[PDB]
Amino acid sequence: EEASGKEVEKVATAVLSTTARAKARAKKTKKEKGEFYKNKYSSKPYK
Amino acid sequence: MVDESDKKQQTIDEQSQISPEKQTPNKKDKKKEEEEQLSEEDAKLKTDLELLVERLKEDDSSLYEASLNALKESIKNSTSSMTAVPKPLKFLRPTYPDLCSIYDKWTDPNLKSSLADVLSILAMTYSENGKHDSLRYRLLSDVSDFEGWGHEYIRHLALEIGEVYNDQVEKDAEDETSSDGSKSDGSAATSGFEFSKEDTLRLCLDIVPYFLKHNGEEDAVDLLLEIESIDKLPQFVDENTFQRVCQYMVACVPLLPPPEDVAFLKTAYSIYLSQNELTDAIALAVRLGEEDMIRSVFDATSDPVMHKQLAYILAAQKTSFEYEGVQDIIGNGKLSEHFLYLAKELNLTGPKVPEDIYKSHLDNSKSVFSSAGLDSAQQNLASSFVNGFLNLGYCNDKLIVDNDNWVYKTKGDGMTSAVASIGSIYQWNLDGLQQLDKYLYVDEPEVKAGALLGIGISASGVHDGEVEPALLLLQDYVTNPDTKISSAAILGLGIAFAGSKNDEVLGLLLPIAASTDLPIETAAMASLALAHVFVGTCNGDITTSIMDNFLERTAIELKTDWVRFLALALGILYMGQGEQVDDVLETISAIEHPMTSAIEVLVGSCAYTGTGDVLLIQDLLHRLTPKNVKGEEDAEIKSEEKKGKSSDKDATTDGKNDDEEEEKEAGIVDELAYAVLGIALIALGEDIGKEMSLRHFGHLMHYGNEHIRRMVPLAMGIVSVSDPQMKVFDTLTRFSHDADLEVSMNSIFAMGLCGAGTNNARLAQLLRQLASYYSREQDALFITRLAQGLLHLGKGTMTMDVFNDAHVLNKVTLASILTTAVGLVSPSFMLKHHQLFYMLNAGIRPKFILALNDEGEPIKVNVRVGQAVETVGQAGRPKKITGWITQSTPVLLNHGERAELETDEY
């Protein structure tokens, strides 16, 4: 994905948490009231 | 203590010299160890119970804490109170308090939570038998003052209110629900709930709203009626009992869903009805809008006397008060038959007497002409209008008007609004007909339109006694083909009869007067008529109105501005209701456009009107979403879309305005501080959003009817010189009337200073002047306001046209609508029954922000203001009756009611 592509995901994660918490406080109140490093070689042939 | 020999008949006495300690140790051990000894334990229950009574009159904490420590365990945590079951259940009379001694007297947060639950289970079950009721009663009334009894009764009744929760959260209930651990079905609920009501009235006043709201039922308010009416004469006097109630009912309006909210009120009327203060009963009946409620109150007061007296008068003045008119029609009947007088009694029933007091008030305050005279430029438009607006409400404006010169000279569509505002002078007063017929009979159609609006406003005064009624004039004028002339003719009629709905009213407005082939803005006035008449009483959210709402929309949608006007008239129709508005969501939406969905959310805010449990969070998901998605990503066909996007902004502001009106006395104060903040946030997120929010902001103030009215507007108004849009002043001043020439004197002085220094448009100057002249009506003349006055949380009936135009562009054309502003309130007078126009003295209280009172009833201490004053704006409206000094008592209790005062002099 290279540097630019990995970065799109890192940011996306940061963004969801900020947005999450910006609605969370109010909503919540008002909700209720109302395999191996070295596999050597396998027997199993492949083409 | 810890000995098993201490259970002997002999060893009660030997032990008890030291201290009674027979109750726990040995006894407890044997009861929880052998079933055989439960047969013995039963007889000794009585003996034990008494040992708790004695050591409570000699209260000493230490010797409960330590002693009944190990006692806690047997009761319910080990035996679990059900061997063969019957045996522990019967012994719950003397062990329920032993649990409570570690609940209550021993203190620790950790043990308060834990054992609270356990107690709930036990109360409930022993209240099946109904002997837990008996334990409550003997503490409430006690036998001796001690710290015991006074904590114990609080806790027991507190827990019952607790129980109803478990069954709502989950189906499961029982122990798994850890809220009380109780099933909560009859047995210890039904029988206990009935006792519960009686107890909480006597000492208690602060857990009572919690009991009523949690149940969330009108059945609960119905049982409450009976219980309260028993005590209302012996334990306490009617006066004390009646306020205590009035505290409960107001508190529960927040935290109730729509179908429950109204239902709480309906029942509340009944409680009032029996209770001897009939004044309160009648105001709430109108608000509800059910004629039947009004009928009963009026008749009960009238019939028992065959003489005149205080009684006849009292009934008649309460029915006069509404300028909706619904009470007026009804009240004619018994009094009419009697003929003590027709002249006096009939008149005081109807709105004939309010006209007469208005005349009187006009001479007292005068009407100091000080109108702008400016000619030329767009400043010309403004001057002409100001003459109307300055002298809004019943006055004599005849001499200036008599010169038709300036009326005709008023340029453009501005001309129409200059005639409309001549119409505004003539509110609730037959007089002023004379001037109107001149414009109506001559020149452009334009002049005729303002004149016709004017007849509707002049016929308003007297419409029940039907003196030169509205209907006669305007009927002739409907027929006239021209859309402008039809439409105006039918809106004046809508205003006159107001919330009143009759065969005359219904059939006139039924074929709409809007041409569907022309989208004239002053032909929008036809849908306004329908909206007005339906509101000001219960709203059936009728289908006749939807058929036509769709009809104007479909035909022409090219002009976006116009179709927004129809959307807003529909939402407004429904307002005054939040329970049938859900039903009409389906109905409206059946038809398809992106435009029909725009309408959906507007009407949505109206449905959820009651408390901010629903409302505030919808109008916040909505708000955030444009801002948030846009922020995230960064860090004919056209005309439909544009409506869509505009309505979301509107809708967020509207939901906030509608919610705050309802809330707590406490909650109003915090929402206001926040509102100012919210301006910064919207400004951050989106440029476009900021502009719309501002204009609405000043209407936020008017709609909610804030408590304050003196300091805060003016504070805000300085800041909003800097913020764009100058409609912020227009809407803000309709709130800011208060006493006129107190706030408003500062508003005009300030506004013209800033406009002459910083002028950035003649359009900008137009708004600044208009608003400021509007604000004052000379020398505190009866003021416009959203509230009726009689209804504290009252919504407008004729003061809803304001909001419609705030959302859309700023033009001189919109001002025609604004001329309607009927909203005038009576100047109170202390009457006996000889109809005295002169007060002893009456107390006003400006403080209205209190959260100590929930009633919002003015403290009796007050500060004394003279006679022949106007009932001034909010933070002044609470008026209590000074009369205590001359050995006099109000029969008619004013809590800040519009209402004319009446006393019985001892």
# chains A, B, ... in the order shown; residues from 1 in each chain; ligands from 1
call {"tool": "select_by_dssp", "arguments": {"residues": "range 444-660 of chain B", "states": "alpha helix (DSSP H)", "output": "MDAnalysis selection string"}}
result
chainID B and resid 445:458 470:479 483:497 503:509 525:534 543:555 560:574 583:588 594:607 615:634 637:660
call {"tool": "write_last_selection", "arguments": {"atoms": "C-alpha atoms", "output": "compact mmCIF listing (two decimals), in the first residue's frame"}}
result
# COMPACT_ATOMS: atom_id res chain seq x y z
CA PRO B 445 -55.81 46.41 -5.59
CA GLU B 446 -52.75 46.76 -3.43
CA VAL B 447 -54.38 49.33 -1.11
CA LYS B 448 -57.43 47.35 -0.88
CA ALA B 449 -55.42 44.30 0.34
CA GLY B 450 -53.98 46.11 3.38
CA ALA B 451 -57.42 47.57 4.09
CA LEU B 452 -59.12 44.10 4.12
CA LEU B 453 -56.53 42.69 6.45
CA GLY B 454 -57.45 45.64 8.53
CA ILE B 455 -61.10 44.79 8.67
CA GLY B 456 -60.29 41.34 10.02
CA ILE B 457 -58.10 42.95 12.71
CA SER B 458 -60.87 45.68 13.70
CA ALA B 470 -65.99 40.33 10.16
CA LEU B 471 -67.92 37.89 8.09
CA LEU B 472 -70.35 40.39 6.45
CA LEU B 473 -67.67 42.66 4.93
CA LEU B 474 -65.21 40.14 3.75
CA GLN B 475 -67.72 37.82 2.08
CA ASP B 476 -68.38 40.30 -0.63
CA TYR B 477 -64.61 40.77 -1.07
CA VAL B 478 -63.76 36.95 -1.42
CA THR B 479 -65.68 36.82 -4.68
CA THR B 483 -55.97 36.57 -6.09
CA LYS B 484 -54.61 39.35 -3.95
CA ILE B 485 -57.99 40.62 -2.90
CA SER B 486 -59.42 37.10 -2.27
CA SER B 487 -56.54 35.94 -0.15
CA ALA B 488 -56.31 38.95 2.17
CA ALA B 489 -60.03 38.86 2.64
CA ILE B 490 -60.00 35.38 4.01
CA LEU B 491 -56.94 35.93 6.35
CA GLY B 492 -58.58 38.83 8.26
CA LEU B 493 -61.53 36.51 8.94
CA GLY B 494 -59.23 33.77 10.15
CA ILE B 495 -57.75 36.17 12.70
CA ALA B 496 -61.04 37.57 13.90
CA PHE B 497 -62.73 34.46 15.16
CA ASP B 503 -70.14 26.61 10.61
CA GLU B 504 -69.43 30.31 9.47
CA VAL B 505 -65.75 30.00 9.94
CA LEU B 506 -65.23 26.51 8.33
CA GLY B 507 -67.16 26.99 5.13
CA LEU B 508 -65.67 30.43 4.24
CA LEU B 509 -62.00 29.33 4.28
CA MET B 525 -51.99 34.21 2.69
CA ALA B 526 -54.69 31.61 1.98
CA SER B 527 -52.76 28.73 3.56
CA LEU B 528 -52.00 31.09 6.54
CA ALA B 529 -55.65 31.43 7.20
CA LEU B 530 -56.28 27.72 7.57
CA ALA B 531 -53.22 27.34 9.94
CA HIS B 532 -54.42 30.04 12.28
CA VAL B 533 -57.95 29.03 12.71
CA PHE B 534 -57.17 25.46 13.46
CA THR B 543 -57.08 15.99 5.95
CA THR B 544 -58.80 18.86 4.18
CA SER B 545 -55.62 20.95 4.71
CA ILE B 546 -53.24 18.23 3.32
CA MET B 547 -55.31 17.98 0.10
CA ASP B 548 -54.59 21.62 -0.57
CA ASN B 549 -51.01 21.70 0.71
CA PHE B 550 -50.17 19.11 -2.01
CA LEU B 551 -52.22 21.13 -4.57
CA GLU B 552 -50.19 24.31 -4.37
CA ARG B 553 -46.91 22.47 -4.33
CA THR B 554 -47.34 20.19 -7.31
CA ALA B 555 -48.49 22.83 -9.72
CA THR B 560 -38.49 27.63 -4.25
CA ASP B 561 -39.25 30.56 -1.98
CA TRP B 562 -43.06 30.10 -2.22
CA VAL B 563 -43.04 26.33 -1.54
CA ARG B 564 -41.14 26.86 1.68
CA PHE B 565 -43.93 29.10 2.75
CA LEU B 566 -46.46 26.25 2.40
CA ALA B 567 -44.21 23.84 4.28
CA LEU B 568 -43.95 26.14 7.22
CA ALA B 569 -47.80 26.79 7.30
CA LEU B 570 -48.43 23.02 7.50
CA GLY B 571 -45.96 22.49 10.39
CA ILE B 572 -47.51 25.37 12.31
CA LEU B 573 -51.06 23.87 11.90
CA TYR B 574 -50.03 20.87 13.84
CA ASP B 583 -50.07 9.89 12.35
CA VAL B 584 -49.82 12.78 9.71
CA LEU B 585 -46.21 11.97 9.01
CA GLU B 586 -47.40 8.96 7.01
CA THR B 587 -50.17 10.77 5.37
CA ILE B 588 -48.16 13.75 4.06
CA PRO B 594 -37.32 15.10 -2.46
CA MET B 595 -39.38 18.18 -1.56
CA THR B 596 -41.95 16.04 0.38
CA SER B 597 -39.16 14.64 2.57
CA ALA B 598 -38.04 18.10 3.41
CA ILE B 599 -41.44 18.72 5.00
CA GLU B 600 -41.15 15.37 6.92
CA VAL B 601 -38.47 16.52 9.48
CA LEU B 602 -40.12 19.89 10.14
CA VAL B 603 -43.28 18.12 11.23
CA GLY B 604 -41.15 15.58 13.11
CA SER B 605 -39.95 18.16 15.62
CA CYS B 606 -43.54 19.05 16.45
CA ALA B 607 -44.36 15.29 17.22
CA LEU B 615 -36.01 16.26 20.90
CA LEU B 616 -32.61 17.62 21.82
CA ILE B 617 -30.80 14.48 20.50
CA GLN B 618 -32.60 14.37 17.09
CA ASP B 619 -31.70 18.01 16.60
CA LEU B 620 -28.16 17.33 17.22
CA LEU B 621 -27.59 14.23 15.10
CA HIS B 622 -29.18 16.37 12.38
CA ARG B 623 -27.08 19.37 13.11
CA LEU B 624 -23.73 17.57 13.28
CA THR B 625 -24.19 15.55 10.11
CA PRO B 626 -23.51 18.23 7.35
CA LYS B 627 -20.61 19.65 9.46
CA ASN B 628 -19.15 16.28 10.41
CA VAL B 629 -19.14 14.51 7.05
CA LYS B 630 -17.81 17.54 5.37
CA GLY B 631 -15.16 18.08 8.00
CA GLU B 632 -14.16 14.38 7.91
CA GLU B 633 -13.54 14.11 4.24
CA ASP B 634 -11.43 17.33 4.17
CA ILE B 637 -34.19 19.39 -10.68
CA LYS B 638 -31.72 21.74 -9.00
CA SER B 639 -34.64 23.71 -7.35
CA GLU B 640 -36.07 20.62 -5.53
CA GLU B 641 -32.67 19.72 -4.15
CA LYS B 642 -32.22 23.28 -2.87
CA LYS B 643 -35.32 23.10 -0.77
CA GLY B 644 -34.15 19.82 0.70
CA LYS B 645 -30.88 21.13 1.93
CA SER B 646 -32.45 24.40 3.34
CA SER B 647 -35.07 22.64 5.48
CA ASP B 648 -32.45 20.61 7.40
CA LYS B 649 -31.00 23.91 8.82
CA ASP B 650 -34.44 25.19 9.67
CA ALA B 651 -35.47 22.05 11.23
CA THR B 652 -32.60 21.96 13.66
CA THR B 653 -33.33 25.53 14.92
CA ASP B 654 -37.12 24.81 15.20
CA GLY B 655 -36.70 21.69 17.32
CA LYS B 656 -34.66 23.64 19.83
CA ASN B 657 -37.18 26.48 20.05
CA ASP B 658 -40.15 24.09 20.57
CA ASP B 659 -38.40 22.05 23.35
CA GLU B 660 -37.25 24.72 25.72
call {"tool": "closest_atom_pairs", "arguments": {"of": "chain B", "to": "chain A", "cutoff": "7 Å", "atoms": "only C-alpha atoms", "output": "JSON lines"}}
result
{"residue": "B:255", "atom": "CA", "partner": "A:34", "partner_atom": "CA", "distance": 6.2}
{"residue": "B:256", "atom": "CA", "partner": "A:34", "partner_atom": "CA", "distance": 6.5}
{"residue": "B:257", "atom": "CA", "partner": "A:34", "partner_atom": "CA", "distance": 6.3}
{"residue": "B:613", "atom": "CA", "partner": "A:30", "partner_atom": "CA", "distance": 4.8}
{"residue": "B:617", "atom": "CA", "partner": "A:27", "partner_atom": "CA", "distance": 6.2}
call {"tool": "write_last_selection", "arguments": {"atoms": "N, CA and C atoms", "output": "JSON list (two decimals), in the first residue's frame"}}
result
[["chain", "number", "residue", "atom", "x", "y", "z"],
["B", 255, "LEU", "N", -39.87, 14.85, 31.11],
["B", 255, "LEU", "CA", -39.61, 13.48, 31.27],
["B", 255, "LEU", "C", -40.85, 12.66, 31.03],
["B", 256, "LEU", "N", -41.72, 13.15, 30.15],
["B", 256, "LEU", "CA", -42.87, 12.31, 29.79],
["B", 256, "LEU", "C", -43.00, 12.29, 28.36],
["B", 257, "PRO", "N", -43.19, 11.14, 27.70],
["B", 257, "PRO", "CA", -43.43, 11.01, 26.27],
["B", 257, "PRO", "C", -44.66, 11.77, 25.85],
["B", 613, "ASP", "N", -35.60, 14.58, 26.00],
["B", 613, "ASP", "CA", -35.21, 13.17, 25.98],
["B", 613, "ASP", "C", -35.17, 12.63, 24.55],
["B", 617, "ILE", "N", -31.68, 15.34, 21.23],
["B", 617, "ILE", "CA", -30.80, 14.48, 20.50],
["B", 617, "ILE", "C", -31.06, 14.24, 19.01]]
call {"tool": "atom_distance", "arguments": {"atom1": "CA of residue 327 in chain B", "atom2": "CA of residue 297 in chain B"}}
result
10.9 Å
call {"tool": "atom_distance", "arguments": {"atom1": "CA of residue 581 in chain B", "atom2": "CA of residue 541 in chain B"}}
result
7.0 Å
call {"tool": "atom_distance", "arguments": {"atom1": "CA of residue 822 in chain B", "atom2": "CA of residue 711 in chain B"}}
result
25.6 Å
call {"tool": "residues_around", "arguments": {"residues": "residue 375 in chain B", "least_positions_apart": "3", "cutoff": "10 Å", "atoms": "only C-alpha atoms", "output": "PDB file with N, CA, C and O atoms, in the first residue's frame"}}
result
ATOM      1  N   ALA B 372     -40.907  57.966  12.810  1.00  0.00           N
ATOM      2  CA  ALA B 372     -40.000  58.449  11.793  1.00  0.00           C
ATOM      3  C   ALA B 372     -40.820  59.237  10.750  1.00  0.00           C
ATOM      4  O   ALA B 372     -41.978  58.905  10.535  1.00  0.00           O
ATOM      5  N   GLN B 378     -34.864  54.321   0.207  1.00  0.00           N
ATOM      6  CA  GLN B 378     -35.510  53.177   0.749  1.00  0.00           C
ATOM      7  C   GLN B 378     -35.920  53.430   2.198  1.00  0.00           C
ATOM      8  O   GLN B 378     -36.638  52.624   2.788  1.00  0.00           O
ATOM      9  N   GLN B 379     -35.401  54.556   2.757  1.00  0.00           N
ATOM     10  CA  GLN B 379     -35.664  55.109   4.030  1.00  0.00           C
ATOM     11  C   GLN B 379     -37.100  55.544   4.063  1.00  0.00           C
ATOM     12  O   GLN B 379     -37.711  55.714   5.117  1.00  0.00           O
ATOM     13  N   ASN B 380     -37.748  55.778   2.834  1.00  0.00           N
ATOM     14  CA  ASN B 380     -39.134  56.203   2.621  1.00  0.00           C
ATOM     15  C   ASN B 380     -39.931  55.055   3.026  1.00  0.00           C
ATOM     16  O   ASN B 380     -40.986  55.194   3.629  1.00  0.00           O
ATOM     17  N   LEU B 381     -39.531  53.840   2.610  1.00  0.00           N
ATOM     18  CA  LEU B 381     -40.352  52.665   2.840  1.00  0.00           C
ATOM     19  C   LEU B 381     -40.503  52.504   4.309  1.00  0.00           C
ATOM     20  O   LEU B 381     -41.622  52.271   4.883  1.00  0.00           O
ATOM     21  N   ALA B 382     -39.386  52.584   4.944  1.00  0.00           N
ATOM     22  CA  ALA B 382     -39.263  52.360   6.399  1.00  0.00           C
ATOM     23  C   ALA B 382     -40.073  53.270   7.184  1.00  0.00           C
ATOM     24  O   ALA B 382     -40.682  52.861   8.187  1.00  0.00           O
ATOM     25  N   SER B 383     -40.187  54.557   6.757  1.00  0.00           N
ATOM     26  CA  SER B 383     -40.860  55.561   7.616  1.00  0.00           C
ATOM     27  C   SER B 383     -42.339  55.216   7.788  1.00  0.00           C
ATOM     28  O   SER B 383     -42.943  55.434   8.816  1.00  0.00           O
ATOM     29  N   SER B 384     -42.926  54.854   6.638  1.00  0.00           N
ATOM     30  CA  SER B 384     -44.279  54.686   6.455  1.00  0.00           C
ATOM     31  C   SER B 384     -44.790  53.553   7.378  1.00  0.00           C
ATOM     32  O   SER B 384     -45.888  53.527   7.897  1.00  0.00           O
ATOM     33  N   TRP B 406     -49.062  60.220   1.841  1.00  0.00           N
ATOM     34  CA  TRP B 406     -47.889  59.404   2.084  1.00  0.00           C
ATOM     35  C   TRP B 406     -48.117  57.918   1.873  1.00  0.00           C
ATOM     36  O   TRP B 406     -47.175  57.209   1.516  1.00  0.00           O
ATOM     37  N   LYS B 409     -47.909  57.372  -1.801  1.00  0.00           N
ATOM     38  CA  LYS B 409     -46.521  57.622  -2.139  1.00  0.00           C
ATOM     39  C   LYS B 409     -45.589  56.497  -1.729  1.00  0.00           C
ATOM     40  O   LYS B 409     -44.399  56.506  -2.140  1.00  0.00           O
ATOM     41  N   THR B 410     -46.096  55.533  -0.935  1.00  0.00           N
ATOM     42  CA  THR B 410     -45.203  54.515  -0.497  1.00  0.00           C
ATOM     43  C   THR B 410     -45.042  53.617  -1.575  1.00  0.00           C
ATOM     44  O   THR B 410     -45.991  53.311  -2.233  1.00  0.00           O
TER      45      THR B 410
END
call {"tool": "residues_around", "arguments": {"residues": "residue 782 in chain B", "least_positions_apart": "3", "cutoff": "12 Å", "atoms": "only C-alpha atoms", "output": "number ranges by chain"}}
result
B: 354, 357-362, 364-365, 367, 391-395, 427-428, 737-740, 775-779, 785, 789, 821-828, 868-873, 898
